[PDB]
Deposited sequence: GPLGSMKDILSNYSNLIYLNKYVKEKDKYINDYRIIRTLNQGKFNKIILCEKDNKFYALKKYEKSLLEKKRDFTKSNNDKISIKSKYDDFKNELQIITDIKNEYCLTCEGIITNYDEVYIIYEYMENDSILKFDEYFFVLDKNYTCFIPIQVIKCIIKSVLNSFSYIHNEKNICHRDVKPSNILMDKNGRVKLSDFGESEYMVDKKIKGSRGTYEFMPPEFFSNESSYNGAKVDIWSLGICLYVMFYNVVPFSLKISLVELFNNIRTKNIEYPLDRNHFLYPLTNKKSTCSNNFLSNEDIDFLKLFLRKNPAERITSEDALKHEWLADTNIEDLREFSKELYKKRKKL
């Protein structure tokens, strides 16, 4: 229900650090973490890339005094209007961030704060996100347009499935914003699920809906239903990620107008051709039945018929998954980053 001050929330975190900003020469520091650059300005959010002891870190900034001013109508239960700030949401995220500890999820290494500014230390996943988006999805650049090899995709999927197992089953947490931006790779190349800003604790394995990224939201959000199965939601979205991994494009949900999108999802059958179908089109390999056999199991409209994560993990498709395929993929991909 209602949550206390930031201090109450962090009151059980055993690695809370007092803020110390200082300047040494031509450099700005946060507690021995040297500021290299800000990786993205999510207007709010904000992730700062730092160095400390020859290691790269990613510290997410958060500002109470900015976040508590940004407030929207949430509409109550009692006809008397309620109102949530983006600081309320952050208090929820803090709780979760405060208890995610898992090798397949991006886990904070410590939290720096004065109880207004918060810098949350994470490892920097040097191979960046799975895919990036600009007009469309790509791996590295966009004059060069390569698709992730199917052997690599298997691992990625298996890995986030292992993330799912922990958050759903050990933690009772639904991610809610499973998305390529949120699937991260290190140089080595492990895959972690990241960003719990829309994630929430489940009640009887369910969430109250409408939250996350529009085109990764499942058909049920568009139904009669007031509550949804958390796992099945996360599964759908991983389904979209897989579809994106196949084609470098989102299924039926191709932006512009959302009515177009929202009218589609619940009603539309997805097109399942071969890799570059959607893609020779804005530019002036193959897929087998089995690849698509498997993706369809993710994107079934009735969530009760939608694959569980258990039956996905031990499906014949991921049976021949080889961690080495991803490792080699990652090692060469990192070599391309060592200057582009």
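Problem set entry | Stretches with no C-alpha position, numbering per deposited sequence from 1 | Model skips only 285 to 292 of the deposited chain.
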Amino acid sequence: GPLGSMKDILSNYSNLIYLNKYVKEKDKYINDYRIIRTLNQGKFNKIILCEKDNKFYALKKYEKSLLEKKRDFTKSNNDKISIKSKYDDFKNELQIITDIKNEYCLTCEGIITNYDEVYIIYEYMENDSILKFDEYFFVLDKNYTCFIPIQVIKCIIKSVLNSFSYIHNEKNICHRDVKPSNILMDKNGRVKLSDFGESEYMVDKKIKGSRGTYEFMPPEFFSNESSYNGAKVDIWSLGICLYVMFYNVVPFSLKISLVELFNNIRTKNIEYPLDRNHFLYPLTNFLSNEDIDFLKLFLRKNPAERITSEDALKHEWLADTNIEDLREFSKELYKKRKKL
From here on, numbers count along this sequence of modelled residues.
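Exercise. Once you work out the mean C-alpha B-factor for both 261 to 269 and 120 to 128 from the entry, which is higher?
Worked result: It is 261 to 269 that shows the higher mean C-alpha B-factor.
Exercise. Where do the C-alpha atoms have the higher mean temperature factor in this entry, in 249 to 257 or in 104 to 112?
Worked result: For C-alpha atoms only, the mean B-factor is higher in 249 to 257.
Problem set entry | Maximum C-alpha temperature factor, selected from 243, 144, 221, 90 | The listed residue with the largest C-alpha B-factor is 144.
For this session: Going by the recorded CA B-factors, say which third of the chain residue 83 sits in, lowest, middle or highest.
Result: For residue 83, the deposited C-alpha B-factor lands in the highest third.
For this session: Check where residue 39 lands among this chain's C-alpha B-factors and tell me if it's the lowest, middle or highest third.
Result: Top third by C-alpha B-factor.
For this session: Pull the Cα B-factor of residue 319 out of the PDB entry and bin it into the chain's lowest, middle or highest third.
Result: Residue 319: CA B-factor falls in the highest third of its chain.
Problem set entry | Third of the chain's Cα B-factor distribution that residue 140 belongs to, per the entry | Highest third.
Problem set entry | residue 31 CA temperature factor, ranked by third within the chain | Bottom third by C-alpha B-factor.
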